[PDB]
Each structure stands twice: as C-alpha cells, then as structure tokens.
Amino acid sequence: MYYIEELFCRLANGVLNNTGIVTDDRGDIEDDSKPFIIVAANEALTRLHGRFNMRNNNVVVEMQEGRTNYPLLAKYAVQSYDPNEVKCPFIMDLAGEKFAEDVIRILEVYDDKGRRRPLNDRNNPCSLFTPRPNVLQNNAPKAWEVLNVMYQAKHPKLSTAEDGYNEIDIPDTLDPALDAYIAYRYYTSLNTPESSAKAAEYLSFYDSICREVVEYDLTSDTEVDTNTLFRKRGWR
Amino acid sequence: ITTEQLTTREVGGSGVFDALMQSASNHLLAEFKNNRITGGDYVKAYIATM
C-alpha cells in the first residue's frame, strides 16, 4: 500500500547498495535507471500474481445485438473509451476504479438472472467459449442480457508518468521475493561471471521464499467447502 | 628530494604515489558509474594496482 518512491528507497538501502545505479547520498535510484527497475518490478508482480492467486476481481459485460466476440480490453470501458472510435462501450466502470487490463484467467460467469453459464463445454449448447485467453464468446446475444465475469487478476501496470499507478499492493511477506527478482534481473544484465553467480543466488532465494510461503499457507490459498453431492446423488 | 615528495601519507595528493593511485581510482570509478561493474570489482582492481 506504499508508493513507488518507497520501493526506490527500499532498493537503494537494501540490495543494489554497492551498484553505481544508486545516487551519491544513497537516497534513491538515479533518474536514467528508473525504467529498468519499473520493467523488472512489473515482471516480478506478474510472476507472483500468476503463482499465488491473490486477487479476485469482477467485471460486468453488456451484450450488443451484432457482436459475438467480447474482448476484455480498456478500449470498451466507460471510463476509458474514445467516443470517436467506439460508439458504445460494453464494460461498465461507473462506481470506481478504471478496469486496468488485468485478466489472467476466467473462473465463473453468471447471468443477470442469477443463473450460472458453463464455460468451454462443447457438449452443452448454452455454454460460453474463449477463443483467446481474454476474449469471450456468446453465440446467441439477446436483448436485455448482461453477464458478470469472475476472473483472476494481476497487478495493474506501474508507469510513473503522472497518469499511471504509483501504488504497489502486495502482501508484506512477499516484498523480499520482489526485491530478489529485481536484483536477479540487474545482476544477470551486468554480463560478468561474478554477477552471474550473484544472480543465481538471488533467483534461488526468490524460489525458496515462495516455497516457504506456500508451505505455511500465509495467503490462505487452500479452500474447502461443505459437501453438496451427498444430497444430489440420493443418499439418506 | 625528501620523503614527503614521494608520498604525503594522505589519500588526497601532492605526491607521486598518491597521484598514481588517484588516477587509477578515477578511471575505475569512471567505468563504475556506467553500469558495467560493481563495488567489489573496483576494490579488487584498486588493491591489485596498489
């Protein structure tokens, strides 16, 4: 829940202390070396959010008469659409946030009437398909039809361009994993044998921390639920 | 000619040995400010030329 400047300071004080990237007073990263750190941080956040299933997000898609493929992009969102290019958007962002393009995997799709819609089921005619990992199909659009999509989400892009996201939202147990990944990227990029050995060390540290977090289940990844098939099958 | 004209026992300068060390340190730091080496490589090269 801290800004990008705190990340730059924490890198200036932790790993990357001897490196020539850091300013003279050891306060913050030098200006010309910031895009490198931003790219590395984005890659690390995507890796972690793919691994751990932290964020569960929702989006609402409204159905037009002649369209069957509904890609989930920011072009068709209310808060971000360009009136000249797209006449009518089908992704609603009225309340809050801007729906950054962060669709990794689609889990559940529910109709506007409270009825579930099967995904990727060939033998069920009333099913929804995904030709691409974020594109969604419905082959029979109807009037007054709306679908709610529950999907696994990744961290929104960090840009530091006066309009991008400054905030970093990550569990406090996984800061060292992110820092280790950034250090691995840098020391691999240096292209020397000693730096290569240091990069190997940092990558191994990243893996070990992730495996520890998996062992102790600090993100509450495991889920169970009450049995419902006992009654469906007819047992007494 | 005295000893103080060889080295003045300070990192600063005003001696042949001190200037010879400072020039090498400046060259290594010039390569170091570009993201080409780290602190350890610079220190090791400095100690080697000492």
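- As recorded in the PDB header, cryo-EM is the method behind this entry, and the stated resolution is 3.2 Å.

1. Remarks on the environment of A:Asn120
Residue and element names in this part refer to chain A.
Consideration 1: Of note, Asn 120 is situated in the loop between β2 (103-111) and β3 (146-153).
Consideration 2: Along the chain, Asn 120 and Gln 137 lie 17 residues apart, while their C-alpha atoms are 9.9 Å from each other.
Consideration 3: When residues no more than four places from it in sequence are discounted, the contact partners of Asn 120 are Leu 128, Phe 129 and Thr 130.
Consideration 4: A polar side-chain atom of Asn 120 sits 3.2 Å from a polar atom in the side chain of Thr 130.

2. A short note on a nonpolar patch on the surface
Consideration 1: Taken together, the side chains of B:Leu6, B:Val16 and B:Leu20 present a nonpolar region at the surface, about 310 Å² in accessible area.
Consideration 2: Among the structural elements, B:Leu6 can be located in the segment before α1 (16-33).

3. Focus: the packing of aromatic side chains
Residues and elements named next belong to chain A.
Consideration 1: Overall, the coordinates contain eight aromatic pairs over all chains when judged by the stated rule.
Consideration 2: Between the aromatic rings of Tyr 76 and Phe 90, the centroid separation amounts to 4.8 Å while the plane-to-plane angle is 20 degrees, which identifies the pairing as stacked. You can see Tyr 76 sitting in the loop between β1 (55-62) and β2 and its partner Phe 90 sitting in the loop between β1 and β2, a full 14 residues away along the chain. The pair formed by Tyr 76 and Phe 90 is uniform in burial state, with each residue classed as buried.

4. Considerations on the pattern of salt bridges
All names here are of chain A.
Consideration 1: Applying the stated rule across the entire model yields six salt bridges over all chains.
Consideration 2: Ionic pairing is found between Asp 179 and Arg 10, a salt bridge with its closest N-O pair at 2.3 Å. Of this pair, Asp 179 sits in helix α3 (residues 175-189) while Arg 10 sits in helix α1 (residues 4-13); the two residues are 169 residues apart in sequence, bridging distant segments of the chain.
Consideration 3: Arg 115 is the partner of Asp 111 in a salt bridge, and the nearest nitrogen-oxygen pair spans 3.5 Å.
Consideration 4: When its relative accessible area of 8% is taken as the criterion, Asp 111 is described as buried.

Quick notes on the rules
- Residues numbered from 1 in each chain as written, not as in the entry; some residues may be left out.
- Chains lettered and ligands numbered in written order.
- Part of a larger assembly, values for the part shown.
- Heavy atoms only, no water.
- Helix = DSSP H or I, 4+ residues; strand = E, 2+ residues; numbered from the N terminus.
- Contact = heavy atoms within 4.5 Å.
- Polar contact = N/O pair within 3.5 Å; in protein donor to acceptor, adjacent residues only side chain to side chain.
- Patch = residues over 30% accessible without salt bridge, like charges linked within 9 Å, V, L, I, M, F, W, Y side chains within 5 Å.
- Areas by Shrake-Rupley, 256 points an atom, 1.4 Å probe, with all protein chains shown as cover.
- Salt bridge = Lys/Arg side-chain N within 4 Å of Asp/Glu carboxyl O.
- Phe/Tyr/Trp six-rings, centres within 6.5 Å; stacked < 30°, edge-to-face > 60°.
- Buried < 20%, exposed > 50% of the residue type's maximum accessible area, 1.4 Å probe, protein only.

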